[PDB]
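Examining the three-dimensional arrangement
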Amino acid sequence: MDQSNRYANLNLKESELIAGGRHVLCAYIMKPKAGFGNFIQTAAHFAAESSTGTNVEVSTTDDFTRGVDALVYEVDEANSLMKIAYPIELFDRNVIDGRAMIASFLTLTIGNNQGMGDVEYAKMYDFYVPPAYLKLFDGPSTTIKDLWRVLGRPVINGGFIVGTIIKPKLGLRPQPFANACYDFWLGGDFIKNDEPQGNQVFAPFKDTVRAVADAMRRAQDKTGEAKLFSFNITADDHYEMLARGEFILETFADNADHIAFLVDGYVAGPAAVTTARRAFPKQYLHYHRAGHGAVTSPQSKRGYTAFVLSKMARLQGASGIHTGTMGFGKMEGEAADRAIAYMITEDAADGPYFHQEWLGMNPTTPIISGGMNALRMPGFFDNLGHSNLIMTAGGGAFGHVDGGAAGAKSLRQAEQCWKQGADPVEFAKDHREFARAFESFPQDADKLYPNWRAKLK
Amino acid sequence: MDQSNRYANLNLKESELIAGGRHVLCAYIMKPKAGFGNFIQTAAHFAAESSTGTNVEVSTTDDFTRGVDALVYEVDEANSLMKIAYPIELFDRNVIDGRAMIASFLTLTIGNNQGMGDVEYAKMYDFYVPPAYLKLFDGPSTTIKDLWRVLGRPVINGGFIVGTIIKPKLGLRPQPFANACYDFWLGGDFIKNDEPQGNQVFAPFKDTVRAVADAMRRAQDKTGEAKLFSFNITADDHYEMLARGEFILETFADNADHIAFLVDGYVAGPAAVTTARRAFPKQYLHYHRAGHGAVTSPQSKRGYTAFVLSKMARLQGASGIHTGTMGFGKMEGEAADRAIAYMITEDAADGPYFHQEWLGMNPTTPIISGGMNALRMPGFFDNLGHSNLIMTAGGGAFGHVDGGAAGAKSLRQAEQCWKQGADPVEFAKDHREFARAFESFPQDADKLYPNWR
Amino acid sequence: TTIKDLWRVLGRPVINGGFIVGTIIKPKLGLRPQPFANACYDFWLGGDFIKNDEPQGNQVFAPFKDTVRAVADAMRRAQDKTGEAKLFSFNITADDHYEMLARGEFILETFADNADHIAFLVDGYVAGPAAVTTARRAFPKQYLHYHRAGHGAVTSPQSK
Ligand SMILES: [Mg+2]
Ligand SMILES: [Mg+2]
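Reading the values: rules and limits
- Residues numbered from 1 in each chain as written, not as in the entry; some residues may be left out.
- Chains lettered and ligands numbered in written order.
- Part of a larger assembly, values for the part shown.
- Heavy atoms only, no water.
- UniProt positions renumbered as here; feature names shortened; annotations may be inferred.
- Helix = DSSP H or I, 4+ residues; strand = E, 2+ residues; numbered from the N terminus.
- Buried < 20%, exposed > 50% of the residue type's maximum accessible area, 1.4 Å probe, protein only.
- Contact = heavy atoms within 4.5 Å.
- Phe/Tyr/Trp six-rings, centres within 6.5 Å; stacked < 30°, edge-to-face > 60°.
- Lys NZ or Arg CZ within 6 Å of the ring centre and 35° of its normal.
- Patch = residues over 30% accessible without salt bridge, like charges linked within 9 Å, V, L, I, M, F, W, Y side chains within 5 Å.
- Areas by Shrake-Rupley, 256 points an atom, 1.4 Å probe, with all protein chains shown as cover.
- Salt bridge = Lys/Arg side-chain N within 4 Å of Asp/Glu carboxyl O.
- Expected span 1.5 Å × (residues − 1).
- Polar contact = N/O pair within 3.5 Å; in protein donor to acceptor, adjacent residues only side chain to side chain.
- Nonpolar A, V, L, I, M, F, W, Y, C, P; charged D, E, K, R; others polar.
- Domains from an automatic or database assignment.
- Buried area = accessible area lost by both parts, 1.4 Å probe.
- Pairing = 2+ DSSP bridges.
- Axes fitted to C-alpha atoms, helices over the stretch in contact; angles between N-to-C directions.
- Donors = N, O, S within 2.8 Å, 3.2 Å for Na, K, Ca; no water.
- Parallel < 35°, antiparallel > 145°, perpendicular 65-115°, else oblique.
- Left-handed = near helix turned anticlockwise from the far one by under 90°.
- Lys, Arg positive; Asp, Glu negative; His and termini not counted.

- What the entry reports as its method is X-ray crystallography, with 2.3800 Å given for the resolution.

**Some points on the UniProt feature "active site" in chain B**
- Annotation from UniProt places "active site" at B:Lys167 and B:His288.
- Here B:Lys167 lies in the loop between strand 5 (161-165) and helix 8 (174-185).
- Judged by its relative accessible area of 4%, B:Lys167 is buried.
- Contacts of B:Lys167, omitting those with residues within four sequence positions, involve A:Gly53, A:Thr54, A:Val58, A:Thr60, B:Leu172, B:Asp194 and B:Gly394.
- With respect to the secondary-structure elements, B:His288 resides in strand 9 (residues 285-288).
- The exposure class assigned to B:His288 is buried, which follows from its relative accessible area of 5%.
- Contacts of B:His288, omitting those with residues within four sequence positions, involve A:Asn112, B:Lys192, B:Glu195, B:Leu262, B:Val263, B:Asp264, B:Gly265, B:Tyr266 and B:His322.

**Examining the packing of aromatic side chains**
- Summed over the entire model, instances satisfying the criterion amount to 50 aromatic pairs over all chains.
- Where C:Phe88 meets C:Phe90, the ring centres are 4.2 Å apart and the plane angle is 40 degrees; that geometry is what we call tilted.
- Its relative accessible area of 0% is what places C:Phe88 among the buried residues.
- The ring centre of A:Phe205 lies 5.2 Å from the NZ or CZ of A:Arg244, which sits over that ring.
- The ring of B:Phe127 carries the charged tip of B:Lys311 above its face, separated from the ring centre by 4.8 Å.

**Observations regarding a nonpolar patch on the surface**
Residue and element names in this part refer to chain C.
- On the surface, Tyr125, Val126, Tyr146 and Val154 cluster together to form a nonpolar patch covering roughly 390 Å² of accessible area.
- By secondary structure assignment, the location of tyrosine 146 is in strand 5 (residues 143-147).
- A relative accessible area of 45% means that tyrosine 146 is categorised as partly exposed.

**A word on helix 9 (residues 205-223) of chain A**
Residues and elements named next belong to chain A.
- End to end, helix 9 covers 27 Å across 19 residues, agreeing with the expected 27 Å (1.5 Å per residue, within 8%).
- Residues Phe205, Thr208, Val209, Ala211, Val212, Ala213, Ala215, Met216, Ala219 and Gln220 constitute the buried set of helix 9.
- Looking at the buried positions of helix 9, the neighbouring elements they touch are helix 8 (174-185), strand 7 (228-232) and helix 10 (238-252).
- After helix 9 finishes, the residue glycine 224 shows a positive phi value of roughly 70 degrees.

**Concerning the interface of chain B and chain A**
- The partner chain A presents 100 residues to the 100 residues of chain B that form the contact.
- Across the contact surface, chain B and chain A share 14 salt bridges.
- With its nearest N and O atoms 2.8 Å apart, the salt bridge here joins A:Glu49 to B:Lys169.
- Inspection of the region where chain B meets chain A yields 54 residue pairs in polar contact.
- Taken together, the residues of the side of chain B that touches chain A break down into 41 nonpolar, 36 polar and 23 charged.

**Digging into the domain arrangement of chain B**
Residue and element names in this part refer to chain B.
- Each domain of chain B was delimited in the assignment, giving domain 1 (5-137) and domain 2 (138-440).
- In this complex, domain 1 contributes 30 residues to the contact, which on the side of domain 2 involves 30 residues.
- For the pair domain 1 and domain 2, the summed buried surface comes to about 2500 Å²; carbon and sulfur atoms form 66% of the total.
- Summed over the shared surface of domain 1 and domain 2, the result is one salt bridge.
- In this structure, the salt-bridge partner of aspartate 97 is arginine 278, at a minimum N-O distance of 2.8 Å.
- On inspection of domain 1 and its partner domain 2, the count reaches 16 residue pairs in polar contact.
- Top contributing element to the side of domain 1 that touches domain 2 by residue count: strand 4 (residues 119-128), with nine residues.
- Within the side of domain 1 that touches domain 2, the residues separate by chemical class into 21 nonpolar, two polar and seven charged.

**A look at the sheet that holds strand 5 of chain B**
Residues and elements named next belong to chain B.
- An order of 5-6-7-8-9-11-14-15 is seen for the eight strands of this closed barrel, with the pairing classed as parallel. Between one strand axis and the next, the sheet turns by 25 degrees as a mean value, whatever way the strands run.
- Relative to strand 9, strand 8 (residues 259-264) runs parallel, the two being bridged by four bridges. Within strand 9, the residue paired with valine 263 across the bridge is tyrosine 287.

**With respect to the UniProt feature "active site" in chain C**
Residues and elements named next belong to chain C.
- UniProt's entry tags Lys26 and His147 with the feature "active site", counted in the numbering of this structure.
- Tracing the backbone shows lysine 26 in the loop between strand 1 (22-24) and helix 2 (33-44).
- For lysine 26, a relative accessible area of 48% translates into the label partly exposed.
- The residues contacting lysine 26, other than those within four sequence positions of it, are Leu31 and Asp53.
- Following the sequence through the fold, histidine 147 ends up in strand 5.

**Some points on the sheet that holds strand 10 (residues 303-304) of chain B**
Residue and element names in this part refer to chain B.
- Pairing is mixed across the open sheet formed by five strands, whose spatial order is 2-3-1-4-10. At either margin of the open sheet sits one strand with a lone partner, and together these are strand 2 (71-76) and strand 10.
- Along the sheet face, helix 3 (residues 39-49) touches strand 1 (23-32), strand 2, strand 3 (81-87) and strand 4 and points at about 30 degrees away from the line of strand 3.
- Packed on one face of the sheet, helix 14 (residues 306-316) meets strand 4 and strand 10 and runs near 45 degrees to strand 4.

**Overview of the coordination of the magnesium ion (ligand 1)**
- Only A:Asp194 (OD) and A:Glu195 (OE) from the protein reach the magnesium ion (ligand 1) as donors, at distances of 2.5 to 2.6 Å. No difference in accessibility class separates A:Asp194 from A:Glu195, as the two residues are buried.

**Observations concerning the packing of helix 8 of chain B against helix 9 (residues 205-223) of chain B**
Residues and elements named next belong to chain B.
- Close contact between helix 8 and helix 9 brings their axes to 8 Å; oriented N to C, the two are set at 25 degrees. By the angle between their directions, the pair helix 8 and helix 9 is classed as roughly parallel. Judged by the twist between their axes, the crossing of helix 8 over helix 9 is right-handed. Residue-level inspection shows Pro174, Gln175, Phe177, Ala178, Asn179, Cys181, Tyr182 and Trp185 of helix 8 in contact with helix 9, the latter providing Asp207, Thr208, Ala211, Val212, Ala215, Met216, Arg218, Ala219, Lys222 and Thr223.

**Observations concerning the packing of helix 9 of chain B against helix 10 (residues 238-252) of chain B**
Residue and element names in this part refer to chain B.
- Following both chains from N to C, one finds helix 9 and helix 10 inclined at 30 degrees, their axes separated by 10 Å at the closest point. In terms of their interaxial angle, helix 9 and helix 10 are classed as roughly parallel. Between helix 9 and helix 10 the crossing geometry is right-handed. Contact residues: helix 9 offers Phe205, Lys206, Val209, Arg210, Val212, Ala213, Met216 and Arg217, while helix 10 offers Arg244, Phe247, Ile248, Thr251 and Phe252.

**Structural notes on the UniProt feature "binding site: Mg(2+)" in chain B**
- Taken from the UniProt record, the annotation "binding site: Mg(2+)" applies to B:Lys192, B:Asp194 and B:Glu195.
- Tracing the sequence through the fold places B:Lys192 in strand 6 (residues 190-192).
- Beyond its immediate sequence surroundings of up to four residues, B:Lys192 is in contact with B:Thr164, B:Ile165, B:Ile166, B:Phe229, B:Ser230, B:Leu262, B:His286, B:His288, B:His322 and B:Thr392.
- Mapped onto the secondary structure, B:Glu195 falls in the loop between strand 6 and helix 9.
- The contacts of B:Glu195, once residues within four sequence positions are left out, are A:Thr107, A:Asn112, B:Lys169, B:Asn232, B:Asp264, B:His288 and B:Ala290.

**A closer look at the environment of B:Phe64**
- For B:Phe64, the position within the fold is in helix 4 (residues 63-66).
- When residues no more than four places from it in sequence are discounted, the contact partners of B:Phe64 are A:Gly171, A:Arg173 and A:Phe202.

**Examining unusual backbone geometry**
- With omega at 0 degrees, the peptide bond leading from A:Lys167 into A:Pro168 counts as cis.
- Positionally, A:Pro168 belongs in the loop between strand 5 (161-165) and helix 8.
- Residue B:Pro168 is reached from B:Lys167 by a cis peptide bond, and omega for that bond is 0 degrees.
- By the secondary structure assignment, B:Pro168 is in the loop between strand 5 and helix 8.
- For C:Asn16, which is not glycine, the phi torsion reads 50 degrees and is therefore positive.
- On the basis of relative accessibility, which here comes to 69%, the residue C:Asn16 falls in the exposed class.

**A look at the side chain of C:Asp123**
Residues and elements named next belong to chain C.
- With respect to the helices and strands, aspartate 123 occurs in strand 4 (residues 118-123).
- In this structure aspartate 123 is buried but unpaired, with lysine 51 as the nearest side chain of opposite charge at 7.2 Å.
- Once residues lying within four places of it in the same chain are set aside, the contact partners of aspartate 123 are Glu54, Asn91, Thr93, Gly128 and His147.

Structure below.
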């Protein structure tokens, strides 16, 4: 059956839908399967499956139902574009506090529509949230501002947070793990657990947390500077997440405000993110997106983009989220992903299809991770336009010839170099640790700074 | 960094890895990106990223780390096949109870490896869980057995549970919603909330729950048979899920054991599933997989298959999960998906790559939903081989010419027809409601039963 | 939570959103639930914000649950008539931490889609820092209205 009469209204104007403030708008790149309806027919069916409908007419359908139908308001078949308007009354709300839930947004806008037999593929590229729905989201409670304050930096434009991941990803016992933390902290600010690190049998959670707490205390006493750690508290069980978080804060004691909580938000889901967000609003919530590539990759024609994911994470209340290296590291990414960073940090920003006003909702920090080092940094910062962010370089720090501490300093210096607009090769002459990064990663040094060896050694 | 020397050992035998009981095994269909390492090099890097490694050598790496490395033990480049052995010590365990978590399995085996710059794509098709790891998973607490007991059916081979979804998907107010439930329940057993139904402003949760409870009481008094409802308790907030669940059970009272709890497990995640599983172990946990098609579709070359999803759901403790219509309904699916059902229901079963022993872990029910009706059912049951399952037909029930109750009866009769081995067209002469399904869905009747007129 | 969050609910700009027109329903105590709610509705036809008077709560003549429900109905009616959002600041003060939680939780569930229109008033000087923190930590997303009743015993310039 053809449902385009009911679920398509191409005469609706996007500007009026936005001005009305009663509709969530979603922009998809969609292709119908061969042998079914045309583009508008398939889009109308997509809208029906994503709101009030099904594949057949039902006797229960009355007047009221029609008013909450999702509507295809714009199509561009040549570019495979479909835009759908979802009345805000469709989205589920908490009984306990009347607030919105991202689970409902996902269920309607990217749920059953992903398994439709007449659709080859459909991927969400952007969404618009009006004030009436936006204000019902948690939003971030803790921001980079709170990390800057702990570090003794200015709370506005406090700058670059030098970070790392203790490698190996898994395998280090509690004390060796803690010793590596101490070493890095002599030169750097921030350490994160690698995504799967927790309570493995060879590195029990409580032993590791205690050793790291001792290492932080020692590093702070030596350097006279505050240090930060992001612990993985991810679990299937809500109560396990609470047990981990509570143990950490009590253990760190006077250093409890130096602690972020990492959550594997993509694989554990929105429920895990919210547990951390609502139980620990005063602790920086570090959304780790491990597994997101299954849908967000440009190779994928389904689900949603990294842009959409990041925008949702801000609404969920992530204090920071991994935005990728934007083509400058080892993982998949593009230079145009800078727009992701601005969507999560600014009060107003443009997506690929919709302009978004955040109405003073707190920003989410871009966390930069994956195959970065001191040499690759100036190019990254040039593309982005700022260094108010966290960057974690595991290999870039501990792979430095002179070790972790020196590795941390080369990262520090690389951003200092970028900030003062200096030539990296010339800058390196007067900055040892940064100059030693060229020798640590020669392949990168030859590609990025072709004639470095002649000038430097 | 060529990391094949450390993270690849093709001389390891799969049979010995299984016999040892110390490794989770994963089977992936993978393709390297052009311009990087070869197949084995890329697989080794994949294994490193999925366990102990990174893209560069690090000074901190000691010899203990080497013992917990994931290892590529088998490759078949021509068929894009890569098999990896993950030592069970890698997987995270609860501090509170020492039990396993699926979140850790997912993070290692299908996490950061999905964003690697040197991999075009990689999708998991099967996994093997040894006894030492398997026994640490929750597993299902409630099964179809418990639903059969409530219905007054035999607890062994209690048969087909006739179900539906109250359509429209959203839009019905509490009393009209409840009236439709009552109507269906005159002929059927089971009703589920549609995946997004909850506490919308036009149909508040508490008003709807109360109206449905009244409708169940009325339908049970009229028919003299027990009726079942599966309520959506999904939420981002753990405490919201608890509030919904607790309210429902207190409201239904003496009918509280007639209630299943539906969780949008794919979009809300494992954390939401576990909340329901651990807080309400005595209530049938209905895993709704909405959104799964983003990765599970054969069109997708990434993430994991529907088979893998279903197998994980059993470990998580789903009492039932949607397995799709196996090519017989409106959604994407294939006849070979019958193997999904057997993996979730049997104590021993074969996946596409690994044989799995469940060690007496409870079964997860196959829930059949999406564009089904009485006409499409006999073909579905023939392919599967049994009718010990729940089937929900929204359009197939309320789209019936005579209405919901008659729609329910046509579904009942369609399974009776299959069970007896009768010809659907001839069976329909003696069974009105089933015969009226041909008239209700003529397009389907013409394809499946050409000369029905 | 700040005034920014109240401005957002009112549909005002989040920067310099301006003046929030408020009142206290007088008499301070004595109004039964429905007369109390009727007075709220009346004021809300022209104003934004209503606060409980400091001692208003669960008096025997105006039970807490009956009053909260009547006010919720009055807010809904006033918003439907005016087409503008309305705000209420409820007194949740108690000696018992769990009483404060019971009151707060009841209010938010009752107001439902209007739960972000609710502030929580605490008699912070007389009940003390412990009461303030209960509200602050249990309900961080609800505007915390510190009522200072009794402060004059020390803060007055007459006091040395
Ligand atoms: Mg990592
Ligand atoms: Mg459905």
